[PDB]
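Read the structure below first, then the notes.
Heavy-atom basis, side chains included; hydrogens, waters and symmetry copies ignored. Order of the sequence lines sets the chain letters (A, B, ...), proteins ahead of strands, with each chain counted from 1.
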2 protein chains.
Amino acid sequence: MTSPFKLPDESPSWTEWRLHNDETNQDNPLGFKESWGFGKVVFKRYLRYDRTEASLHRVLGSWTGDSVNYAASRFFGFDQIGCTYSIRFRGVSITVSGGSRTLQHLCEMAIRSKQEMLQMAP
Amino acid sequence: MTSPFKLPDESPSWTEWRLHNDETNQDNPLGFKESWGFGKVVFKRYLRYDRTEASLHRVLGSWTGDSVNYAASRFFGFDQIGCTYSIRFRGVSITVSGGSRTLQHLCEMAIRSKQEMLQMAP
RNA sequence: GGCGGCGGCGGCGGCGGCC
RNA sequence: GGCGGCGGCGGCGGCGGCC
C-alpha cells in the first residue's frame, strides 16, 4: 500500500532503546510516534526528534496534505470513511479524527497539533 | 461530582436543533461539544459558539488548568489514571490524552487544541 | 522500541431504531 | 441536540507475559 509518509520509519531496536534508557526519562525520548489511519488501514512512524529547529523542520516534512490525500484516496468511494491522525510525545497523545469528506481540515489541524506538541514547554 | 467546567451546559432541545437546521449546514452549528474524562468518569458540555472574538473568549473560559485539576484530583491516589479532553466542531474531533501525572501538559495542549480548532479556516 | 494477553474508559466512521 | 442497537477502526490508562 502507498504510505502517506515521506520519511522512512526509525523505530529503535530493543538494544538501542535500552542503551538510551541507561544513559538519560520520559521527557527525553529518542523521538515520537505518529500514525495515519484511513478506514481499516493504519500507517505508523517512529521518528527521531531532538527538540531543535533543524530536527523539528525535518520531522514536519514526514507528511503533507498532498501525501496524505494521495494515500487516503486509495480507500475512497461513495460512502465516507473514518480518518485519524495520532501523535504521541512525552506522555501526551493527540488524536485528530473525522470523516474523509473533511480530510483537508483534519490535515490542517493534524499539522498544527504536531507542531504544538513537539514544541511544548519542557 | 464536582465538574471541571465553569459554565453550565447549553445543549439545544430537539426542537431548537430542528429549527436551526431548517434555517441555515455542518459548518454552521449552534456550537461545539467538549468533554473531560478522568478514570471512569466523563463530564460533557455543549456550548454555543458563533465564531466571533467575544464568543471565543467566552467559551475559552469554560475550563482552566485549576478547574480541571480540582475536579480530576478527586479521582487521584497511588496508581495513575487516564485523563482525556475531547472537542468536536464542524466535523473534526481532537482528543488529548495521557495519564494523570502529566495533567498539566495535557491541559496546555487541550487549551491550544481548543483554540486552534474553534478558529480554524472556514 | 516491538509483539501477545486480561480488566477499564474514551474517539471516529458506517448502518438502522426511539425521541 | 439527546438516548438505544449492530458491524468496523483507533486512543488512553492499569495489570501481567514474550522479545
In whole angstroms, how far is the [atom2] atom of [N] from the [atom1] atom of [X]?
X      : N     : atom1 : atom2 : result
B:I87  : C:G10 : CD1   : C1'   : 16 Å
B:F32  : D:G1  : CZ    : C1'   : 15 Å
A:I94  : D:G10 : CD1   : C1'   : 16 Å
B:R18  : D:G2  : CZ    : P     : 15 Å
B:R45  : D:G2  : CZ    : P     : 13 Å
B:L30  : D:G2  : CG    : P     : 11 Å
B:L103 : D:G13 : CG    : P     : 13 Å

| request: Pick base, sugar-phosphate or nothing for A:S13, based on heavy-atom distances below 4.0 Å to the nucleic acid. | output: nothing
| said: Quick check: on RNA chain D, is the nucleotide nearest B:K33 upstream (toward 5') of the one nearest A:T95, or the reverse? Name the residue that is more 5'. | reply: B:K33
| message | Reading RNA chain D from 5' onward, which residue's closest nucleotide shows up sooner: B:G98 or B:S11? | response | B:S11
| message | Would you compute the distance between atom CZ of B:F76 and atom CG of B:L103 and round it to the nearest 0.5 angstrom? | response | 5.0 Å
| query | Given the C1' atoms of D:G7 and C:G7, what is the spacing between them in whole Å? | reply | 24 Å
| field | Whole-Å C1' distance, D:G5 and C:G8 | value | 22 Å
| field | Listed partners of A:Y49 passing ring-ring contact (aromatic ring centres under 6.0 Å, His included), at least two apart | value | A:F89
| message | The criterion is ring-ring contact (aromatic ring centres under 6.0 Å, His included); which residues satisfy it with A:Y46, sequence neighbours excluded? | response | none
| said: Need the glycosidic conformation of C:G10: syn if within 90° of 0, anti if not. Which one? | reply: syn
| note | Partner of A:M120 under side chain to side chain contact (heavy atoms under 4.5 Å, CB included), picked from A:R51, A:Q115, A:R90, is A:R90
| query | So what is the 5' to 3' dot-bracket string for RNA chain D, if pairs are Watson-Crick or G-U wobble with both distances under 3.5 Å, crossing pairs use [ ] and | means the partner sits on another strand? | reply | |||.||.||.||.||.|||
| request: Pull out every residue in residues 35-43 of chain B that has a heavy atom closer than 4.0 Å to any atom of RNA chain C, ordered by number, or say none. | output: B:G39, B:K40
| said: Can you see if the side chain of A:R88 gets near the phosphate of D:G10 - specifically, an N or O under 4.0 Å from OP1 or OP2? | reply: no
Taking only N/O atoms, report every protein-nucleotides 14-19 of chain D pair under 3.5 Å with atom names and distance.
from, atom 1, to, atom 2, distance (Å)
D:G14, OP1, B:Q80, NE2, 3.1

| task | Just grab all the side chain to side chain donor-acceptor pair (under 3.5 Å) pairs involving residues 67-82 of chain A, residues at least two apart or on different chains. | result | none
| B:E10 CD: over 12 foreign heavy atoms closer than 6.0 Å | yes
| What's the verdict on side chain to side chain contact (heavy atoms under 4.5 Å, CB included) for B:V68 and B:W36, showing C-alpha distance, side-chain angles and the deciding distance? | CA-CA 8 Å; B:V68 169; B:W36 273 102; 3.4 Å; yes
